[PDB]
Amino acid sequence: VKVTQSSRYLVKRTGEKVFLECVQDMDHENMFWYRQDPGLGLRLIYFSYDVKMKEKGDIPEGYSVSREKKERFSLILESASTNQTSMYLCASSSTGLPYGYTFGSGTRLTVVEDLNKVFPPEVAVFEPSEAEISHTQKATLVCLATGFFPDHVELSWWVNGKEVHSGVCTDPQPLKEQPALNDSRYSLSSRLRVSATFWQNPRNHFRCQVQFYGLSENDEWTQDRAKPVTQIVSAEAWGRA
């Protein structure tokens, strides 16, 4: 009772033809592909009400679809443009059951006019200001993630091997490292706040983790530098007296 999409992000070049799959284990007759854009909510591209059937949504232009088996629903972009840059959402449902839609969990796709522009993030951590600690008896560590294109990162915090959610804020949007360049690179920051005693106890471990999603192994380059593949870049710091 899950609907799974094939990849959670993907990167592709202008003019290329793109294939996303969706799959579901509930024996559902109905499957739908939407896309999601800020300001525009969800817009239905295509749907299918049985194996081999298809029907245009409100915005099929540029797309084509393929329902081969009862379990699969593929969406196909005839030729990538930057207005197909979006979050793609699959959903499935049953004609008979009274349960409605089950949604997949997205695939973000970004389309660029030049594959050489994608980079991982370098991840630094900054340790608290001594002056905060004394004035408040708390301790804010800051993480920067920098030098990433495209904006595909997922930043988490880890404290003695267990991830944490209390005491954290991350920028909802990153800022543009270079605000003129059309395909400018990106930076993101987060914060982790803890009582200063926690910070003043070198038995405690903190790590800033930044999962990036770039090129898949199939993609093709040879610039001298590492192939910018999906990866986790961390940084860390220990407690301090």
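Residues carry their position along the shown sequence, with the first being 1. Heads up, when I say rigid core I mean the largest set of C-alphas that superpose within 1.5 Å between the two forms.
Undergrad: Once the rigid core is matched, which of the two stretches, 79 to 87 or 114 to 122, lies farther off on average in 5 other deposited structures of this protein by C-alpha?
TA: It is 114 to 122 whose C-alphas lie farther from the shown form in 5 other deposited structures of this protein.
Undergrad: Taking the recorded C-alpha temperature factors, which stretch has the higher mean, 129 to 137 or 94 to 102?
TA: Here the higher of the two C-alpha B-factor means belongs to 129 to 137.
Undergrad: Per the record, averaged over C-alpha atoms, which has the higher B-factor: 171 to 179 or 57 to 65?
TA: Per the PDB record, 171 to 179.
Undergrad: Please place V112 in the lowest, middle or highest third of its chain according to the CA B-factor in the PDB entry.
TA: It falls in the top third of the chain.
Undergrad: In terms of the CA temperature factor given in the entry, to which third of its chain does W158 belong: lowest, middle or highest?
TA: For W158, whose C-alpha B-factor we compare with every modelled residue in the chain, the answer is the middle third.
Undergrad: If you rank every modelled residue in this chain by C-alpha B factor, which third holds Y88: lowest, middle or highest?
TA: Tercile = lowest for this residue's CA B-factor.
Undergrad: If you rank every modelled residue in this chain by C-alpha B factor, which third holds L192: lowest, middle or highest?
TA: It belongs to the middle third of the chain when residues are ordered by C-alpha B-factor.
Undergrad: Using the B-factors in the PDB entry, rank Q209's C-alpha atom against the chain and give the third, lowest, middle or highest.
TA: Ranked within chain, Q209 CA B lands in the middle tercile.
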